[PDB]
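pasting the first chains of the complex, positions unchanged:
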Amino acid sequence: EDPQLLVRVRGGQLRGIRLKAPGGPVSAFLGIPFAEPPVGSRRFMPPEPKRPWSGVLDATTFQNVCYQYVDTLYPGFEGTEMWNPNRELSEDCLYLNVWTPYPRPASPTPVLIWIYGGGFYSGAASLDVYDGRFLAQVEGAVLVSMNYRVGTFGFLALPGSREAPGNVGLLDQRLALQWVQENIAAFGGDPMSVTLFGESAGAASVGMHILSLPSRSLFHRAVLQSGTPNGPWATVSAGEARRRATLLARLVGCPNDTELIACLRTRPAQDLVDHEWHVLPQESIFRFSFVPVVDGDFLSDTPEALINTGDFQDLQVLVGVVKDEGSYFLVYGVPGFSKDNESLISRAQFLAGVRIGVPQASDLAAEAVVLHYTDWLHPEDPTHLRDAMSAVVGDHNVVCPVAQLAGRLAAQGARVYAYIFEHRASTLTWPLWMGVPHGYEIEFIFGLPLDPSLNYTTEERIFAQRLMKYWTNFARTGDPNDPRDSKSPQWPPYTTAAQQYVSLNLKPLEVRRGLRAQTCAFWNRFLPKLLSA
């Protein structure tokens, strides 16, 4: 019995497992329950604290993946499979993972909590790209990741009902955060230094913890990679959630909110997932059926209203985007696009893709989009049209929401650092035209290149080490700058006046000004005036 692998938490005893990282051992405690299994009649309900247990609970393996849709577009293809569930699917999935160095920290150590993305319809903390061992072994961090309910199970809502009040997947996260507050000290973690970080839907979740008062006492800093609580895809109104839930019920034969939710509770899990995509009001991409809902509770108002009026002093936040946010989504619904060819399109197809990429746009607004993104020097060149379609999607859904959030935070007291990630992995399995797709910074932040068997390049390794530095230095301090590197250039804070941000790639940090400034003014300032009138 290795006494390093033995921990007592408020619920009982755990045995972890000692894992090998290239630099040495780490302690991993995987599959720790933080909630009672949200099964049977607990479906759609807020999570409850895990009841205490007897003896020593085995925490040496990843627990099950929250029940979710599994992608089928490219069966067996690594670029898609890497995001697919790598454990068995179950509604019994409320478990979290903790990595710490071996031996466990002598002093209270800063905590990074990872919240996975996946459009609020998918994801799991057990994926290889979320492997905590590198950050724990190299930077000596305590790293925590939890599972939270996705799809219908996490976000199906009949707003105002007692038995599907919505946002329970967010409460899943929030409960994990309390668990960390109550227990992390036993692992060597410093509960008074907790940094949330997440990507895509995970970034949006982090954003909603910023905006939801009861979460604020459970963390001190936040990182939002490629995602925001504001924006077109991350929330729905109460009216729209009620519409989609009522529609899905009709679709599965169901049938008072109580009775509708009761029949839904009788339904096998896959019966709900089978119809998940069928409740979107328009044919669209970068749109998800069951996401957080403006309930007047977890979200007191819309994210837009909350960022416009919130007070963010004593908050430090790190935000950014990858070079080609939109490319990934095009192969999933836009005619003309495939990963198996260069996806050179016509003007007509670009017009049609915009109605799909901006599904809520009036004829006029879509006209405005096409006219903005067209290169009038080369209005018909397929290579431009292709790259612009990608840009429309990326800017509409990520880049401009990020710039909007960065802006409101800095202006309202927050300390903000912005990046754009521009390195494309040598190992990337997607075609060249997709550039640096949504999601491909993660393997670097988590330190995967340090694994020699992964066949990354020497420079990609040096680069990954630099990113792990920025992230952990940010966790430690709220400032991603190494306090030992006495070298210009430094990473400056994003402000409303200078609007500085840095590029992350193989070359040294470069300071740029204005994050898609003109093009985001179009999305952030002009379009909303339009679609109204």
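All right, it came through fine. Numbers count the residues shown, from 1 in each chain, chains lettered A, B, ... in the order given.

Residue A:350: which element?
Element membership of residue A:350, judged by DSSP states H and E, is helix A:347-357.

Taking helix A:347-357 as reference, get the angle to the very next helix or strand once past that helix.
Downstream of helix A:347-357, the next assigned helix or strand under DSSP H and E is helix A:363-373. Using axes from the mean of the first three to the mean of the last three CA atoms, to 10 degrees, the direction of helix A:363-373 lies 120 degrees away from that of helix A:347-357.

which other residues reach helix A:363-373?
A:350-351, A:354-355, A:358, A:361, A:388, A:391-392, A:519, A:522, A:526-527, A:530-531 (CB atoms under 8 Å, 6 or more residues apart in numbering). Just so you know, the C-beta spots here come from the backbone N, C-alpha and C atoms, and that holds for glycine as well.

Give the buried subset of these as a PyMOL selection command.
Those of these that count as buried under 16 or more other CB atoms under 10 Å are selected in PyMOL with:
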select buried, chain A and resi 350+351+354+355+358+361+388+391+392+519+522+527
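
Closest one of the contacts of helix A:363-373 to residue A:378?
Using CB to CB, residue A:388 is the member of the contacts of helix A:363-373 that sits closest to residue A:378, with 10.4 Å.

Grab the nearest non-local neighbour of that closest one.
Spatial nearest neighbour of residue A:388, chain neighbours left out: residue A:373 (4.4 Å); criterion: CB to CB, 6 or more residues apart in numbering.

ok, now residue A:457?
residue A:426 is the one closest to residue A:457 (CB to CB, 6+ apart), at 5.2 Å.

Next up, the contacts around the one you found.
Contact analysis of residue A:426 by CB under 8 Å, 6+ apart lists A:456-457, A:460.

again with residue A:230
Here residue A:230 is in contact with A:207, A:303-304, A:307, A:401, A:404-405 (CB under 8 Å, 6+ apart).

Turn these into CSV, columns for secondary structure.
As requested, these are exported to CSV (DSSP: H, G, I helix; E, B strand; the rest coil):
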residue, secondary structure
A:207, helix
A:303, helix
A:304, helix
A:307, helix
A:401, helix
A:404, helix
A:405, helix
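
Which one of these is nearest to residue A:413?
Looking across those and measuring by CB to CB, the closest to residue A:413 is residue A:307, at 12.2 Å.

from what I can see the closest one touches residue A:408, true?
Yes: taking contacts as CB atoms under 8 Å, residue A:307 lies within contact range of residue A:408: 4.3 Å.

tell me the SS of residue A:387?
Residue A:387 ends up helix, using three-state DSSP.

how deep is it tucked in, by neighbour count?
For residue A:387, the number of neighbouring residues by other CB atoms under 10 Å comes to 19.

same check, this time on residue A:444
By the criterion of other CB under 10 Å, residue A:444 has 24 neighbours.

my read is it is in a strand, agree?
No: Residue A:444 is assigned helix when assessed by three-state DSSP, not a strand.

need the contact list for the residue nearest to it when sequence neighbours are not counted.
Closest residue to residue A:444 apart from its sequence neighbours, by CB to CB, 6+ apart: residue A:464 at 4.7 Å. Residue A:464 is in contact with A:443-445, A:447-450, A:456, counting by CB under 8 Å, 6+ apart.

what about 10 Å?
A:134, A:138, A:423, A:443-451, A:456 (CB atoms under 10 Å, 6 or more residues apart in numbering).

a strand runs through it, doesn't it?
No: going by three-state DSSP, the assignment for residue A:464 is helix, not a strand.

residues in contact with the residue sitting nearest the centre point of chain A?
For chain A, the residue nearest the mean C-alpha position is residue A:202 (2.2 Å; CA atoms, centre = their mean). For residue A:202, the contact set (CB under 10 Å, 6+ apart) comprises A:114-118, A:120, A:123, A:130, A:145, A:148, A:173, A:196, A:223-227, A:442.

okay, now chain B:
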Amino acid sequence: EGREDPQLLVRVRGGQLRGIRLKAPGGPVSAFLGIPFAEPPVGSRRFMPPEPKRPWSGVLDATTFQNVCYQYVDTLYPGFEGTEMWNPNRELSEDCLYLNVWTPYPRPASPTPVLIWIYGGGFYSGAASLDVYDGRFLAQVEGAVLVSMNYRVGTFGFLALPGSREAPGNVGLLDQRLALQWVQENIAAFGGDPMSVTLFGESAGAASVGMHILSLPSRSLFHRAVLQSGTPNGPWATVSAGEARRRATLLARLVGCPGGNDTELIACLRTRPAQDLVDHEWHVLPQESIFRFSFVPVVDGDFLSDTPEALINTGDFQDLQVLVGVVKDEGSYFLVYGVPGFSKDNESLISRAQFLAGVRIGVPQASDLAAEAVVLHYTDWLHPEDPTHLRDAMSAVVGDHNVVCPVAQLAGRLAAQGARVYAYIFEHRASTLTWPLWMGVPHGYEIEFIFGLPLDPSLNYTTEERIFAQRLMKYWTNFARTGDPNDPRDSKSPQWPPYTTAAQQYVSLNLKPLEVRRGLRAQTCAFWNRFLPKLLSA
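Time to bring in chain B:
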């Protein structure tokens, strides 16, 4: 006769003329100034189409410029050259339908291609007698026959009650056409070739050239066309029948007025002293505005069979050769005539607030939403409050909306419809310019170079400006002669390629050799020419 210069005596359809031997720096030229081409449009002829001049007896003295057509005179900066050089330099009169002719001295052996100049000035002003329109340099240096005519401006030229007999509108343009017919009949007696006639003009003169292209009876009167900083399409050059009616009716009220209605109204207007009409001209504009002119050509279904926009979209322009272009800072001149914050006597650094106010004035026809779109497009979002950027952006809104984008629309529409198009941007600021630096190269300041004024040593231009002026004179005349501004022998010199839809090439005109550029302010003009109409159409 007997004891006068036998080279200055010429007969035209209406009678005998005595011209004058002028000195240009490189030699003498023949000028025939103040040749009448129409009966005086005075009395019961005010507002009427011109009647051709009745033959005179004896030798008409044609040694002096004739009266300037009755017009508003600028009072913004009194005694200031930058303003006064455009003001009338002869007596104002409704009796003003005269034309001028410069030819080599002695007159040419073989028939010589003719250039006809149509002055600009918003259709409310102008005169062929101004210094910057002096044909002596082009005549002496290039051997050209140059003709400039006076045409009626303002109320006298463009007041219309559409459909009536007594004020059908567009009579100012009919004055021009009649001068063009005069050239066809008479120019051969000066050594001019009526089979090679090239129109050129700047601003409203440019737009006039455009309208002759679009009007059928004009088409047989010329062969090639040059449009400098102006277009018949665009927001200022025409008005609907309804709008011209409204403006004419309003102006009548302001002066005391009041066959049936229309006949009596116009009859009353003809009892008014010319100055009374001029004094109320600016008061009929629907909004507070710059780059808008009260009395302009009207879309009448006659001279203009439809809107210029419709005509250029749906026209056949096979075998038409056009040179078009713009100056670097089309809008700056206009800001000092209306937009608060702007003056020639300071740097005109404006606030964001002043910019927003200025946009409403420079784009007076815009809804609040359209106005918003303009402000959002022209704002620098890295420096949205920088007074220098807002200053220059104001100038660019006005210049793009009124000139640069209409020209781009015209050029692309013509090139796609068969025309041979050549396009330029004029970027040289005269060393002698009296306007401030901030105004850059303003509207109208290529003209003195096209006409070769830097060849006058007394004018104090630089040596490089002389060489530059000579290049431009060659471009324009080579184009007049061939339909191609390039010198057929000088392949060593960089070439001026035609403007196409595919490549959108144009050239820079400055002290340096020709530089070819692609894209006539393409993104920004897609905004004005494609998006903006869709908005206001909702």
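
and the contacts of residue A:230, now that chain B is part of it?
Counting by CB atoms under 10 Å, 6 or more residues apart in numbering or on different chains, residue A:230 touches A:204, A:207-208, A:211, A:302-308, A:400-402, A:404-405, A:408, A:524.

Weed out the non-buried ones from those.
A:204, A:207-208, A:211, A:303-304, A:306-307, A:400-402, A:404-405, A:408, A:524 (16 or more other CB atoms under 10 Å in any protein chain shown).

From the residues you listed, pick the one nearest chain B.
Distance ranking of the buried ones among the contacts of residue A:230 against chain B, using CB to the nearest CB, places residue A:524 first at 9.7 Å.

how near is the residue of the stretch 151-300 of chain A found nearest chain B to residue B:419?
Of all residues in the stretch 151-300 of chain A, the one sitting closest to chain B is residue A:230 (18.3 Å; CB to the nearest CB). The gap separating residue A:230 from residue B:419 is 50 Å, by CB to CB, to the nearest Å.

Spell out which residues of chain A are next to chain B.
By the rule CB under 10 Å from any CB of the partner chain, the part of chain A lying against chain B is A:362-364, A:367-368, A:370-372, A:374-380, A:403, A:497-499, A:513-522, A:524-527, A:529-530, A:532-533.

Please indicate which of these are buried?
A:364, A:367-368, A:370-372, A:374-376, A:378, A:403, A:499, A:514-517, A:519-522, A:524-527, A:530.

Excluding chain neighbours, what is closest to residue A:296?
What sits nearest to residue A:296 in space, not counting adjacent residues and going by CB to CB, 6 or more residues apart in numbering or on different chains, is residue A:238, at 7.7 Å.

Give me the neighbour count for that neighbour.
17 (other CB atoms under 10 Å in any protein chain shown).

Do I have it right that it meets residue A:295?
Yes: between residue A:238 and residue A:295 there is a contact under CB atoms under 10 Å: 6.5 Å.

shared neighbours of these two, which are they?
A:157, A:159-160, A:166.

Just the buried ones from those?
By 16+ other CB under 10 Å, the shared contacts of residue A:238 and residue A:295 give A:157, A:159, A:166 as buried.

can you give me the helices in the stretch 251-400 of chain A?
A:257-266, A:269-273, A:303-309, A:327-330, A:347-357, A:363-373, A:382-394, A:400-411 (DSSP state H, counting those that start in this stretch).

for the stretch 51-200 of chain A, same thing?
Under DSSP H, counting those that start in this stretch, the stretch 51-200 of chain A gives helices at A:78-81, A:133-138, A:151-155, A:168-183.

what's the spacing between the second one and its chain's center?
For helix A:133-138, the gap between its own C-alpha mean and the chain's C-alpha mean amounts to 21 Å (CA atoms, centre = their mean, to the nearest Å).

what does that helix contact?
Applying CB under 10 Å, 6+ apart, the contact partners of helix A:133-138 are A:19-28, A:98-102, A:105, A:109, A:112, A:114, A:141-143, A:445-451, A:464-465, A:468-469, A:471-472, A:475.

Restrict that helix to CA atoms and write it as PDB.
In PDB, the C-alpha atoms belonging to helix A:133-138 read as follows (Å, rounded to 0.1, in the frame of the first residue of the first chain):
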ATOM      1  CA  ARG A 133      -0.300  14.100 -16.000                       C
ATOM      2  CA  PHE A 134       1.900  16.500 -18.000                       C
ATOM      3  CA  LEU A 135       0.800  19.700 -16.200                       C
ATOM      4  CA  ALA A 136       1.100  17.900 -12.900                       C
ATOM      5  CA  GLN A 137       4.500  16.400 -13.600                       C
ATOM      6  CA  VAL A 138       6.200  19.300 -15.300                       C
END
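
residues in contact with residue A:130?
So residue A:130 contacts A:97, A:114, A:116, A:123-124, A:143, A:145, A:199, A:202, A:442-443, A:445-446, A:448 (CB under 10 Å, 6+ apart).
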